[PDB]
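Participant: Have a peek at entry_7.tsv (TSV, C-alpha atoms and all ligand atoms).
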```tsv
chain	number	residue	atom	x	y	z
A	697	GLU	CA	17.89	-16.64	4.65
A	698	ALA	CA	17.83	-14.28	1.60
A	699	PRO	CA	20.93	-12.09	1.02
A	700	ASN	CA	20.34	-8.48	2.04
A	701	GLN	CA	21.87	-6.78	-0.98
A	702	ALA	CA	20.95	-3.32	0.30
A	703	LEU	CA	23.41	-0.48	-0.30
A	704	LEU	CA	24.73	1.59	2.57
A	705	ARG	CA	25.57	5.04	1.28
A	706	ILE	CA	28.26	7.03	3.06
A	707	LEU	CA	27.91	10.79	2.65
A	708	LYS	CA	30.69	13.37	2.77
A	709	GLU	CA	30.01	15.61	5.76
A	710	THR	CA	30.51	18.55	3.39
A	711	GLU	CA	27.64	17.58	1.04
A	712	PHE	CA	25.08	18.68	3.63
A	713	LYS	CA	24.44	21.79	5.69
A	714	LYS	CA	22.72	21.69	9.10
A	715	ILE	CA	20.17	24.48	9.52
A	716	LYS	CA	18.06	24.33	12.72
A	717	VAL	CA	17.35	21.95	15.59
A	718	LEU	CA	14.05	20.12	15.39
A	719	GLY	CA	13.70	18.53	18.80
A	720	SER	CA	16.31	17.04	21.13
A	721	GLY	CA	16.46	14.54	23.96
A	722	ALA	CA	16.55	10.76	24.27
A	723	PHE	CA	17.29	10.29	20.56
A	724	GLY	CA	19.86	13.04	21.09
A	725	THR	CA	19.49	15.85	18.57
A	726	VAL	CA	17.72	16.00	15.20
A	727	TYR	CA	18.69	18.85	12.86
A	728	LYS	CA	16.61	20.02	9.97
A	729	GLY	CA	19.15	20.41	7.20
A	730	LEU	CA	19.88	20.25	3.51
A	731	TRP	CA	21.87	17.82	1.35
A	732	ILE	CA	23.49	18.81	-1.92
A	733	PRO	CA	24.90	15.83	-3.80
A	734	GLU	CA	27.96	17.44	-5.36
A	735	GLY	CA	27.88	18.14	-9.09
A	736	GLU	CA	24.31	16.88	-9.02
A	737	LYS	CA	22.27	20.11	-9.21
A	738	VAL	CA	19.65	19.05	-6.63
A	739	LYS	CA	19.12	20.21	-3.04
A	740	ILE	CA	17.46	17.48	-0.95
A	741	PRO	CA	15.83	18.37	2.40
A	742	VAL	CA	16.85	16.14	5.29
A	743	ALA	CA	16.71	15.47	8.98
A	744	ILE	CA	20.17	14.72	10.43
A	745	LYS	CA	20.23	12.70	13.66
A	746	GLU	CA	22.91	12.00	16.27
A	747	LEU	CA	22.45	10.37	19.70
A	748	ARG	CA	23.36	13.23	22.05
A	749	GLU	CA	27.17	13.82	21.93
A	750	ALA	CA	29.06	11.43	24.25
A	751	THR	CA	31.34	8.73	22.82
A	752	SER	CA	29.58	5.71	24.43
A	753	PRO	CA	30.76	3.07	21.92
A	754	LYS	CA	27.68	1.02	22.86
A	755	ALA	CA	25.65	3.86	21.29
A	756	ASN	CA	27.20	3.52	17.82
A	757	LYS	CA	26.18	-0.13	18.00
A	758	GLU	CA	22.58	1.07	18.22
A	759	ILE	CA	22.84	3.81	15.59
A	760	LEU	CA	24.50	1.52	13.07
A	761	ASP	CA	21.76	-1.02	13.76
A	762	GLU	CA	18.85	1.27	13.05
A	763	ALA	CA	20.81	2.33	9.99
A	764	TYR	CA	21.06	-1.33	9.00
A	765	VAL	CA	17.26	-1.74	9.19
A	766	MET	CA	16.30	1.52	7.45
A	767	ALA	CA	18.82	0.76	4.69
A	768	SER	CA	16.82	-2.41	4.11
A	769	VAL	CA	13.33	-0.94	3.84
A	770	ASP	CA	11.80	0.85	0.87
A	771	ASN	CA	8.06	1.52	0.99
A	772	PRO	CA	6.03	4.68	0.37
A	773	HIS	CA	4.88	4.55	3.99
A	774	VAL	CA	8.20	3.84	5.73
A	775	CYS	CA	10.95	6.36	6.36
A	776	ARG	CA	13.82	6.50	3.88
A	777	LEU	CA	17.32	6.24	5.27
A	778	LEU	CA	19.34	8.39	2.87
A	779	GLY	CA	22.88	7.59	4.06
A	780	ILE	CA	25.22	8.05	6.98
A	781	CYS	CA	28.17	10.33	7.65
A	782	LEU	CA	31.16	8.72	9.38
A	783	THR	CA	32.00	11.73	11.50
A	784	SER	CA	33.40	11.28	14.99
A	785	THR	CA	29.73	11.16	15.89
A	786	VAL	CA	27.84	8.98	13.42
A	787	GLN	CA	24.86	10.65	11.76
A	788	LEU	CA	21.72	9.27	10.12
A	789	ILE	CA	20.70	11.38	7.13
A	790	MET	CA	16.97	10.83	6.70
A	791	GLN	CA	14.22	12.45	4.64
A	792	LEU	CA	12.70	15.55	6.22
A	793	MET	CA	9.09	15.08	7.25
A	794	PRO	CA	8.06	18.77	7.20
A	795	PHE	CA	4.88	18.55	9.31
A	796	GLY	CA	6.30	16.81	12.35
A	797	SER	CA	4.78	13.92	14.25
A	798	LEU	CA	1.24	12.76	13.68
A	799	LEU	CA	0.68	12.94	17.45
A	800	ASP	CA	1.54	16.64	17.37
A	801	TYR	CA	-0.30	17.24	14.12
A	802	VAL	CA	-3.61	15.86	15.33
A	803	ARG	CA	-3.18	17.73	18.63
A	804	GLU	CA	-2.09	20.97	16.95
A	805	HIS	CA	-4.92	20.78	14.42
A	806	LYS	CA	-7.94	19.15	16.13
A	807	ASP	CA	-9.68	20.95	13.25
A	808	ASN	CA	-8.63	17.73	11.50
A	809	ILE	CA	-10.72	16.52	8.60
A	810	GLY	CA	-12.88	13.55	9.44
A	811	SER	CA	-12.11	10.08	8.25
A	812	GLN	CA	-10.89	11.38	4.93
A	813	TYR	CA	-7.83	12.38	6.91
A	814	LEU	CA	-8.16	10.10	9.94
A	815	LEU	CA	-9.25	6.97	8.07
A	816	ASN	CA	-6.83	7.68	5.23
A	817	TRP	CA	-3.99	7.79	7.75
A	818	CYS	CA	-5.29	4.52	9.16
A	819	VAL	CA	-4.99	2.94	5.70
A	820	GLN	CA	-1.51	4.26	5.08
A	821	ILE	CA	-0.15	3.02	8.39
A	822	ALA	CA	-1.57	-0.47	7.83
A	823	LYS	CA	0.16	-0.48	4.43
A	824	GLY	CA	3.39	0.52	6.16
A	825	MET	CA	3.26	-2.34	8.65
A	826	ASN	CA	2.08	-4.94	6.19
A	827	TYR	CA	5.29	-4.11	4.31
A	828	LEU	CA	7.51	-4.70	7.33
A	829	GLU	CA	5.55	-7.95	7.71
A	830	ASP	CA	6.70	-8.98	4.23
A	831	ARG	CA	10.24	-8.01	5.24
A	832	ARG	CA	9.90	-10.20	8.35
A	833	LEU	CA	10.41	-7.04	10.38
A	834	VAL	CA	8.88	-6.36	13.78
A	835	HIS	CA	8.69	-2.71	14.76
A	836	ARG	CA	8.12	-3.06	18.52
A	837	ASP	CA	7.45	0.65	18.87
A	838	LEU	CA	4.44	1.59	16.78
A	839	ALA	CA	2.79	4.69	18.26
A	840	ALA	CA	1.33	7.96	17.07
A	841	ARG	CA	4.64	9.54	18.10
A	842	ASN	CA	6.64	7.40	15.61
A	843	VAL	CA	4.60	8.32	12.49
A	844	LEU	CA	5.73	11.41	10.59
A	845	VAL	CA	3.84	13.78	8.31
A	846	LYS	CA	5.28	14.47	4.88
A	847	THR	CA	2.01	16.16	3.95
A	848	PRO	CA	-1.45	16.02	5.57
A	849	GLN	CA	-2.18	13.47	2.84
A	850	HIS	CA	0.88	11.25	3.27
A	851	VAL	CA	2.39	9.78	6.45
A	852	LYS	CA	5.29	7.34	7.03
A	853	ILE	CA	6.44	5.06	9.91
A	854	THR	CA	9.74	5.99	11.63
A	855	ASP	CA	12.02	5.24	14.57
A	856	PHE	CA	13.49	1.76	14.07
A	857	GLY	CA	15.58	1.79	17.23
A	858	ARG	CA	13.62	-1.14	18.65
A	859	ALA	CA	13.10	-2.87	15.32
A	860	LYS	CA	14.02	-6.54	14.90
A	861	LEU	CA	14.28	-8.66	11.76
A	862	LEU	CA	12.98	-12.17	12.36
A	863	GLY	CA	15.04	-15.07	11.04
A	864	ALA	CA	13.47	-17.49	8.59
A	865	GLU	CA	12.27	-19.61	11.58
A	866	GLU	CA	11.50	-16.96	14.25
A	867	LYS	CA	7.91	-16.35	15.29
A	868	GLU	CA	8.89	-14.17	18.26
A	869	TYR	CA	11.71	-11.90	19.35
A	870	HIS	CA	12.61	-12.83	22.94
A	871	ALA	CA	13.86	-9.48	24.22
A	872	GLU	CA	16.09	-8.67	27.18
A	873	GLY	CA	15.14	-5.96	29.70
A	874	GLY	CA	14.97	-2.18	29.36
A	875	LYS	CA	12.52	0.73	29.41
A	876	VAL	CA	9.62	-0.30	27.21
A	877	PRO	CA	6.55	1.76	26.13
A	878	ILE	CA	4.28	-0.29	28.30
A	879	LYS	CA	0.99	1.33	27.33
A	880	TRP	CA	1.35	0.59	23.59
A	881	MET	CA	2.26	-3.09	24.02
A	882	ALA	CA	0.48	-6.41	23.60
A	883	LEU	CA	-0.02	-8.30	26.84
A	884	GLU	CA	1.86	-11.38	25.73
A	885	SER	CA	4.80	-8.98	25.43
A	886	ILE	CA	4.19	-7.07	28.66
A	887	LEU	CA	4.35	-10.42	30.47
A	888	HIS	CA	6.64	-12.69	28.40
A	889	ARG	CA	8.57	-10.22	26.19
A	890	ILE	CA	7.30	-12.22	23.20
A	891	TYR	CA	7.10	-9.78	20.31
A	892	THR	CA	5.49	-10.76	17.03
A	893	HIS	CA	3.79	-9.31	13.99
A	894	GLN	CA	0.49	-9.82	15.83
A	895	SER	CA	1.97	-7.98	18.76
A	896	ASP	CA	2.46	-5.10	16.33
A	897	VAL	CA	-1.29	-5.20	15.56
A	898	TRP	CA	-2.00	-4.35	19.20
A	899	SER	CA	0.26	-1.31	18.93
A	900	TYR	CA	-1.60	-0.43	15.75
A	901	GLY	CA	-4.78	-0.40	17.83
A	902	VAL	CA	-3.42	2.03	20.42
A	903	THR	CA	-2.11	4.22	17.58
A	904	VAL	CA	-5.57	4.35	15.98
A	905	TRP	CA	-7.08	5.15	19.34
A	906	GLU	CA	-4.57	7.99	19.64
A	907	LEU	CA	-5.64	9.47	16.30
A	908	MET	CA	-9.35	8.94	16.87
A	909	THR	CA	-9.09	10.68	20.26
A	910	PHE	CA	-7.12	13.52	18.58
A	911	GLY	CA	-4.09	12.90	20.76
A	912	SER	CA	-5.22	11.55	24.13
A	913	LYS	CA	-2.84	9.65	26.41
A	914	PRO	CA	-3.49	5.88	26.64
A	915	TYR	CA	-4.51	5.00	30.17
A	916	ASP	CA	-3.83	8.56	31.26
A	917	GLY	CA	-3.24	8.71	34.96
A	918	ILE	CA	-2.93	4.93	35.35
A	919	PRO	CA	0.64	3.83	36.33
A	920	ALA	CA	2.31	1.53	33.83
A	921	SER	CA	2.83	-1.13	36.50
A	922	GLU	CA	-0.97	-1.47	36.70
A	923	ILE	CA	-1.49	-1.87	32.94
A	924	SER	CA	-0.50	-5.53	32.95
A	925	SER	CA	-3.30	-6.48	35.33
A	926	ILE	CA	-5.88	-3.90	34.17
A	927	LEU	CA	-5.70	-5.53	30.73
A	928	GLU	CA	-5.82	-8.90	32.42
A	929	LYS	CA	-9.18	-8.14	34.08
A	930	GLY	CA	-10.70	-7.41	30.66
A	931	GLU	CA	-10.28	-3.64	30.61
A	932	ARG	CA	-9.37	-1.72	27.44
A	933	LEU	CA	-9.25	1.84	26.20
A	934	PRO	CA	-12.64	3.50	25.78
A	935	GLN	CA	-14.57	3.97	22.60
A	936	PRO	CA	-13.49	7.42	21.39
A	937	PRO	CA	-16.36	9.87	20.93
A	938	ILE	CA	-16.23	10.33	17.13
A	939	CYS	CA	-16.10	6.55	16.74
A	940	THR	CA	-18.95	4.54	15.40
A	941	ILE	CA	-19.18	1.00	16.72
A	942	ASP	CA	-17.79	-0.16	13.35
A	943	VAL	CA	-14.48	1.61	13.97
A	944	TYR	CA	-14.39	0.98	17.71
A	945	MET	CA	-14.93	-2.71	17.10
A	946	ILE	CA	-11.91	-2.86	14.84
A	947	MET	CA	-9.77	-1.28	17.54
A	948	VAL	CA	-11.09	-3.77	20.04
A	949	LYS	CA	-10.17	-6.76	17.85
A	950	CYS	CA	-6.53	-5.63	17.80
A	951	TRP	CA	-6.67	-5.96	21.59
A	952	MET	CA	-7.88	-9.53	22.01
A	953	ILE	CA	-5.81	-11.80	24.21
A	954	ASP	CA	-5.42	-14.61	21.70
A	955	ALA	CA	-3.13	-12.86	19.23
A	956	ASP	CA	-4.23	-15.12	16.34
A	957	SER	CA	-7.82	-13.87	16.45
A	958	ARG	CA	-6.49	-10.30	16.16
A	959	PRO	CA	-6.74	-8.99	12.60
A	960	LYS	CA	-3.90	-9.01	10.07
A	961	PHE	CA	-2.50	-5.81	8.62
A	962	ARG	CA	-3.59	-6.82	5.12
A	963	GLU	CA	-7.11	-6.99	6.45
A	964	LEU	CA	-6.86	-3.72	8.34
A	965	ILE	CA	-6.01	-2.06	5.00
A	966	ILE	CA	-9.05	-3.59	3.36
A	967	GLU	CA	-11.47	-2.58	6.11
A	968	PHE	CA	-10.27	1.00	6.59
A	969	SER	CA	-10.06	1.19	2.77
A	970	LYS	CA	-13.76	0.43	2.68
A	971	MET	CA	-14.60	2.88	5.45
A	972	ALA	CA	-12.62	5.70	3.80
A	973	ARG	CA	-14.93	5.57	0.74
A	974	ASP	CA	-17.82	6.74	2.91
A	975	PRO	CA	-15.97	8.42	5.78
A	976	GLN	CA	-18.86	10.10	7.50
A	977	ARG	CA	-20.76	6.84	7.96
A	978	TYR	CA	-17.99	5.74	10.36
A	979	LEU	CA	-16.58	8.85	12.00
A	980	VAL	CA	-18.88	11.52	13.35
A	981	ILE	CA	-17.21	14.93	13.75
A	982	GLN	CA	-18.84	18.37	13.86
A	983	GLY	CA	-17.83	20.23	10.72
A	984	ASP	CA	-16.62	17.81	8.10
A	1008	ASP	CA	14.39	26.47	-6.18
A	1009	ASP	CA	16.52	23.50	-7.26
A	1010	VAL	CA	14.91	21.53	-4.46
A	1011	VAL	CA	13.99	17.88	-5.02
A	1012	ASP	CA	12.08	15.91	-2.43
A	1013	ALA	CA	13.83	12.68	-1.51
A	1014	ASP	CA	10.94	10.56	-2.84
A	1015	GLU	CA	12.06	11.70	-6.26
A	1016	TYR	CA	15.85	11.66	-5.74
A	1017	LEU	CA	16.17	7.99	-6.60
A	1018	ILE	CA	19.40	6.03	-6.29
A	1019	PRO	CA	22.45	7.74	-7.85
A	1020	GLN	CA	24.30	4.52	-6.87
A	1101	LIG	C1	10.95	19.79	9.70
A	1101	LIG	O1	9.67	19.39	10.00
A	1101	LIG	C2	9.62	18.96	11.33
A	1101	LIG	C3	9.09	19.87	12.26
A	1101	LIG	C4	9.01	19.50	13.60
A	1101	LIG	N1	8.44	20.53	14.57
A	1101	LIG	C5	7.22	20.21	15.38
A	1101	LIG	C6	6.19	21.38	15.19
A	1101	LIG	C7	6.18	21.95	13.69
A	1101	LIG	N2	5.15	22.75	13.30
A	1101	LIG	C8	5.22	22.99	12.00
A	1101	LIG	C9	4.53	21.97	11.05
A	1101	LIG	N3	3.39	21.45	11.45
A	1101	LIG	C10	2.32	22.12	10.97
A	1101	LIG	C11	3.31	21.25	12.73
A	1101	LIG	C12	3.97	22.32	13.64
A	1101	LIG	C13	7.62	22.67	13.60
A	1101	LIG	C14	8.82	21.94	14.29
A	1101	LIG	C15	9.46	18.24	13.98
A	1101	LIG	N4	9.40	17.86	15.42
A	1101	LIG	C16	8.21	17.28	16.08
A	1101	LIG	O2	7.22	17.06	15.46
A	1101	LIG	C17	8.32	16.96	17.62
A	1101	LIG	CL1	9.07	15.32	17.72
A	1101	LIG	CL2	9.29	18.18	18.51
A	1101	LIG	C18	10.01	17.32	13.04
A	1101	LIG	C19	10.09	17.69	11.71
A	1101	LIG	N5	10.64	16.82	10.63
A	1101	LIG	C20	11.34	15.55	10.81
A	1101	LIG	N6	11.68	14.91	9.71
A	1101	LIG	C21	12.33	13.73	9.76
A	1101	LIG	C22	12.65	13.17	10.98
A	1101	LIG	CL3	13.48	11.61	11.13
A	1101	LIG	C23	12.29	13.85	12.11
A	1101	LIG	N7	12.64	13.21	13.40
A	1101	LIG	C24	12.51	13.91	14.70
A	1101	LIG	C25	12.44	15.32	14.77
A	1101	LIG	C26	12.32	15.92	16.02
A	1101	LIG	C27	12.28	15.13	17.19
A	1101	LIG	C28	12.36	13.74	17.11
A	1101	LIG	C29	12.47	13.13	15.88
A	1101	LIG	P1	12.56	11.31	15.77
A	1101	LIG	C30	14.27	10.90	15.13
A	1101	LIG	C31	12.26	10.50	17.44
A	1101	LIG	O3	11.53	10.84	14.87
A	1101	LIG	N8	11.64	15.02	12.01
```
What does this structure look like when you write it as structure tokens?
Facilitator:
Amino acid sequence: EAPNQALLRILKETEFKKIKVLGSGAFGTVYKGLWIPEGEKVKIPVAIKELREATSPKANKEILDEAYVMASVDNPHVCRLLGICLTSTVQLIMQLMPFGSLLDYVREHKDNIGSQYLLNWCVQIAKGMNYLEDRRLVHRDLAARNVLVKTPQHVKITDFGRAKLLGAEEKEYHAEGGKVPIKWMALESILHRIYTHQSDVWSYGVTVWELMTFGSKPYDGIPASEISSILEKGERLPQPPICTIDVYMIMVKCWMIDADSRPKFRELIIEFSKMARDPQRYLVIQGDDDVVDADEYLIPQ
């Protein structure tokens, strides 16, 4: 019920210069690029997104909605929406995450530092979510894929297409149909489309399991239609090899059926925080020019 005094910044399409095409597909097309606030003497590196290329006026609904959310978040572990450009096709100008998705990164570099990296990432993602929990925001699509790498030491949560902001008396979002990422999703949601902050904890568990397994596919082989029952019988993802019981037990708590006996993000920070002060006790792995980054180009507005 608090007034969302966020500022939406509209950018002249001339101020920035597309440069290459990082990925394309469902989202549409993301372009590595560069933004030069005029008469400002900084060059800010950016991703520039547009959903494919067809008019589809229902699409701009969705773009302008993710832009609404991102405009309303500001945390060191959540993606910064920089502004939009009101071209025929509407574009989201976002901060460039130079190292790509965490999913890729862990896959590409299975020579990944032990918990120092792994458990540090676990802390930073819990901080990210706990913030959205303050902001009464429910991500509904937490996954290794949707976490970007600014540096190997600093990650941020992205992709707010499915995000929903709870009203001041909304425990759950009661969603319509659609294609949903079934393997990352609480059961109460897979069955009753009831999404919650605690449902987001479950997706945090699958994400952690993704990182601990260096990129494995949840329930690989299984067909998503099965998942609902599989998890109803009592089944869960396995204990990843490098995982001590201490870590694996935390993952398993995020996957309880009663969502109120699942742990809270503020606790997840604390616990992983503790573990990351003695990383090797918990994770066992063999061998352990005018540019300004956006995190320093603070509001000219
Ligand atoms: C500029 O660095 C990036 C590089 C890449 N690669 C991946 C491999 C990479 N190799 C070099 C660096 N290390 C060491 C790893 C390997 C080079 C090219 C990607 N692509 C992916 O990691 C997959 Cl997704 Cl192809 C991204 C970015 N950067 C970026 N920044 C902001 C956003 Cl908002 C974004 N979104 C975005 C971008 C693409 C697709 C989808 C999405 P969305 C809207 C759904 O989040 N990307």
Participant: Tell me which protein, DNA and RNA residues are within 12 Å of residue 701 in chain A, counting all atoms listed in the file, leaving out same-chain ones fewer than 6 positions away, and put them as an MDAnalysis selection string.
Facilitator: chainID A and resid 764 767:769
Participant: Counting all atoms listed in the file, I want the residues whose atoms come within 6 Å of (25.7, 12.5, 15.5) in the file frame, returned as a PDB file with C-alpha atoms, in the frame of the given file.
Facilitator:
```pdb
ATOM      1  CA  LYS A 745      20.230  12.700  13.660  1.00  0.00           C
ATOM      2  CA  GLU A 746      22.910  12.000  16.270  1.00  0.00           C
ATOM      3  CA  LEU A 747      22.450  10.370  19.700  1.00  0.00           C
ATOM      4  CA  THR A 785      29.730  11.160  15.890  1.00  0.00           C
ATOM      5  CA  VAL A 786      27.840   8.980  13.420  1.00  0.00           C
ATOM      6  CA  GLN A 787      24.860  10.650  11.760  1.00  0.00           C
TER       7      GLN A 787
END
```
Participant: I'd like the contact shell of range 947-949 of chain A - 7 Å cut-off, all atoms listed in the file, skipping same-chain residues fewer than 5 positions apart - returned as a compact mmCIF listing (two decimals) with C-alpha atoms, in the coordinates of the input.
Facilitator:
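Below is the file that was written, result32.txt:
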```txt
# COMPACT_ATOMS: atom_id res chain seq x y z
CA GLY A 901 -4.78 -0.40 17.83
CA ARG A 958 -6.49 -10.30 16.16
CA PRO A 959 -6.74 -8.99 12.60
```
Participant: Any chance you could tabulate, as a Markdown table, the residues of chain A at most 10 Å from ligand LIG 1101 (chain A) with each one's nearest atom pair and distance in Å to one decimal, using only C-alpha atoms and all ligand atoms, in chain and rising number order?
Facilitator:
```
| residue | atom | partner | partner_atom | distance |
| --- | --- | --- | --- | --- |
| A:716 | CA | A:LIG1101 | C1 | 9.0 |
| A:717 | CA | A:LIG1101 | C26 | 7.9 |
| A:718 | CA | A:LIG1101 | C26 | 4.6 |
| A:719 | CA | A:LIG1101 | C27 | 4.0 |
| A:720 | CA | A:LIG1101 | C27 | 6.0 |
| A:721 | CA | A:LIG1101 | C27 | 8.0 |
| A:722 | CA | A:LIG1101 | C31 | 8.1 |
| A:723 | CA | A:LIG1101 | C31 | 5.9 |
| A:724 | CA | A:LIG1101 | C30 | 8.4 |
| A:725 | CA | A:LIG1101 | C27 | 7.4 |
| A:726 | CA | A:LIG1101 | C25 | 5.3 |
| A:727 | CA | A:LIG1101 | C25 | 7.4 |
| A:728 | CA | A:LIG1101 | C1 | 5.7 |
| A:729 | CA | A:LIG1101 | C1 | 8.6 |
| A:741 | CA | A:LIG1101 | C1 | 8.9 |
| A:742 | CA | A:LIG1101 | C21 | 6.8 |
| A:743 | CA | A:LIG1101 | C21 | 4.8 |
| A:744 | CA | A:LIG1101 | CL3 | 7.4 |
| A:745 | CA | A:LIG1101 | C30 | 6.4 |
| A:746 | CA | A:LIG1101 | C30 | 8.8 |
| A:747 | CA | A:LIG1101 | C30 | 9.4 |
| A:775 | CA | A:LIG1101 | CL3 | 7.5 |
| A:776 | CA | A:LIG1101 | CL3 | 8.9 |
| A:777 | CA | A:LIG1101 | CL3 | 8.8 |
| A:788 | CA | A:LIG1101 | CL3 | 8.6 |
| A:789 | CA | A:LIG1101 | CL3 | 8.3 |
| A:790 | CA | A:LIG1101 | CL3 | 5.7 |
| A:791 | CA | A:LIG1101 | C21 | 5.6 |
| A:792 | CA | A:LIG1101 | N6 | 3.7 |
| A:793 | CA | A:LIG1101 | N6 | 3.6 |
| A:794 | CA | A:LIG1101 | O1 | 3.3 |
| A:795 | CA | A:LIG1101 | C9 | 3.9 |
| A:796 | CA | A:LIG1101 | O2 | 3.3 |
| A:797 | CA | A:LIG1101 | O2 | 4.2 |
| A:798 | CA | A:LIG1101 | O2 | 7.6 |
| A:799 | CA | A:LIG1101 | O2 | 8.0 |
| A:800 | CA | A:LIG1101 | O2 | 6.0 |
| A:801 | CA | A:LIG1101 | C11 | 5.6 |
| A:802 | CA | A:LIG1101 | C11 | 9.1 |
| A:803 | CA | A:LIG1101 | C11 | 9.5 |
| A:804 | CA | A:LIG1101 | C11 | 6.9 |
| A:805 | CA | A:LIG1101 | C10 | 8.1 |
| A:841 | CA | A:LIG1101 | CL1 | 7.3 |
| A:842 | CA | A:LIG1101 | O3 | 6.0 |
| A:843 | CA | A:LIG1101 | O3 | 7.7 |
| A:844 | CA | A:LIG1101 | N6 | 7.0 |
| A:845 | CA | A:LIG1101 | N5 | 7.8 |
| A:846 | CA | A:LIG1101 | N6 | 8.0 |
| A:847 | CA | A:LIG1101 | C10 | 9.2 |
| A:848 | CA | A:LIG1101 | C10 | 9.0 |
| A:852 | CA | A:LIG1101 | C21 | 9.9 |
| A:853 | CA | A:LIG1101 | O3 | 9.2 |
| A:854 | CA | A:LIG1101 | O3 | 6.1 |
| A:855 | CA | A:LIG1101 | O3 | 5.6 |
| A:856 | CA | A:LIG1101 | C30 | 9.2 |
| A:857 | CA | A:LIG1101 | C31 | 9.3 |
```
Participant: Using Å and a single decimal, report how far CA of residue 867 in chain A sits from CA of residue 895 in chain A.
Facilitator: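 CA of residue 895 in chain A sits 10.8 Å away from CA of residue 867 in chain A.
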Participant: Please indicate the distance in Å from CA of residue 892 in chain A to CA of residue 879 in chain A, rounded to one decimal place.
Facilitator: 16.5 Å
Participant: I'd like the interatomic distance between CA of residue 938 in chain A and CA of residue 903 in chain A, to a tenth of an Å.
Facilitator: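 Result for CA of residue 938 in chain A versus CA of residue 903 in chain A: 15.4 Å, one decimal.
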Participant: Once 8 Å is added on each side, what centre and edge lengths in Å to one decimal does the axis-aligned box around all listed atoms of range 874-886 of chain A have, as lines of an AutoDock Vina configuration file?
Facilitator:
```
center_x = 7.5
center_y = -4.8
center_z = 26.5
size_x = 31.0
size_y = 29.1
size_z = 21.8
```
Participant: Please determine, counting only C-alpha atoms, which residue among A:941, A:953, A:834, A:864 has the shortest atom-to-atom distance to residue 884 in chain A.
Facilitator: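 Smallest separation from residue 884 in chain A among the options: A:953.
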Participant: What would range 878-888 of chain A look like if you wrote it out as a PDB file, in the first residue's frame, with N, CA, C and O atoms included, from the block I just posted?
Facilitator:
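This is the output file decode-v4.pdb:
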```pdb
ATOM      1  N   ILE A 878       8.735 -26.821 -14.441  1.00  0.00           N
ATOM      2  CA  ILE A 878       8.089 -27.672 -13.456  1.00  0.00           C
ATOM      3  C   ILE A 878       9.112 -28.224 -12.472  1.00  0.00           C
ATOM      4  O   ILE A 878       8.811 -28.415 -11.284  1.00  0.00           O
ATOM      5  N   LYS A 879      10.339 -28.461 -12.936  1.00  0.00           N
ATOM      6  CA  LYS A 879      11.324 -29.131 -12.106  1.00  0.00           C
ATOM      7  C   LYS A 879      11.879 -28.239 -11.007  1.00  0.00           C
ATOM      8  O   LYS A 879      12.416 -28.761 -10.026  1.00  0.00           O
ATOM      9  N   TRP A 880      11.756 -26.918 -11.125  1.00  0.00           N
ATOM     10  CA  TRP A 880      12.283 -26.001 -10.119  1.00  0.00           C
ATOM     11  C   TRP A 880      11.250 -25.582  -9.080  1.00  0.00           C
ATOM     12  O   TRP A 880      11.551 -24.705  -8.270  1.00  0.00           O
ATOM     13  N   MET A 881      10.060 -26.187  -9.058  1.00  0.00           N
ATOM     14  CA  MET A 881       8.891 -25.559  -8.443  1.00  0.00           C
ATOM     15  C   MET A 881       8.378 -26.339  -7.248  1.00  0.00           C
ATOM     16  O   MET A 881       8.174 -27.550  -7.336  1.00  0.00           O
ATOM     17  N   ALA A 882       8.097 -25.625  -6.163  1.00  0.00           N
ATOM     18  CA  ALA A 882       7.431 -26.206  -5.004  1.00  0.00           C
ATOM     19  C   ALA A 882       6.275 -27.092  -5.443  1.00  0.00           C
ATOM     20  O   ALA A 882       5.771 -26.971  -6.561  1.00  0.00           O
ATOM     21  N   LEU A 883       5.871 -28.012  -4.581  1.00  0.00           N
ATOM     22  CA  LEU A 883       4.789 -28.907  -4.944  1.00  0.00           C
ATOM     23  C   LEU A 883       3.462 -28.200  -4.802  1.00  0.00           C
ATOM     24  O   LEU A 883       2.598 -28.315  -5.674  1.00  0.00           O
ATOM     25  N   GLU A 884       3.300 -27.445  -3.718  1.00  0.00           N
ATOM     26  CA  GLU A 884       2.074 -26.687  -3.537  1.00  0.00           C
ATOM     27  C   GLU A 884       1.772 -25.831  -4.755  1.00  0.00           C
ATOM     28  O   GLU A 884       0.614 -25.488  -5.003  1.00  0.00           O
ATOM     29  N   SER A 885       2.799 -25.464  -5.518  1.00  0.00           N
ATOM     30  CA  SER A 885       2.610 -24.693  -6.734  1.00  0.00           C
ATOM     31  C   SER A 885       2.369 -25.596  -7.930  1.00  0.00           C
ATOM     32  O   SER A 885       1.515 -25.299  -8.770  1.00  0.00           O
ATOM     33  N   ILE A 886       3.085 -26.718  -8.008  1.00  0.00           N
ATOM     34  CA  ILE A 886       2.865 -27.655  -9.106  1.00  0.00           C
ATOM     35  C   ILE A 886       1.434 -28.188  -9.092  1.00  0.00           C
ATOM     36  O   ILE A 886       0.884 -28.553 -10.135  1.00  0.00           O
ATOM     37  N   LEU A 887       0.799 -28.229  -7.929  1.00  0.00           N
ATOM     38  CA  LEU A 887      -0.552 -28.763  -7.830  1.00  0.00           C
ATOM     39  C   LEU A 887      -1.622 -27.684  -7.757  1.00  0.00           C
ATOM     40  O   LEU A 887      -2.684 -27.849  -8.351  1.00  0.00           O
ATOM     41  N   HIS A 888      -1.387 -26.599  -7.019  1.00  0.00           N
ATOM     42  CA  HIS A 888      -2.412 -25.595  -6.756  1.00  0.00           C
ATOM     43  C   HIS A 888      -2.025 -24.198  -7.239  1.00  0.00           C
ATOM     44  O   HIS A 888      -2.708 -23.225  -6.895  1.00  0.00           O
TER      45      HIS A 888
END
```
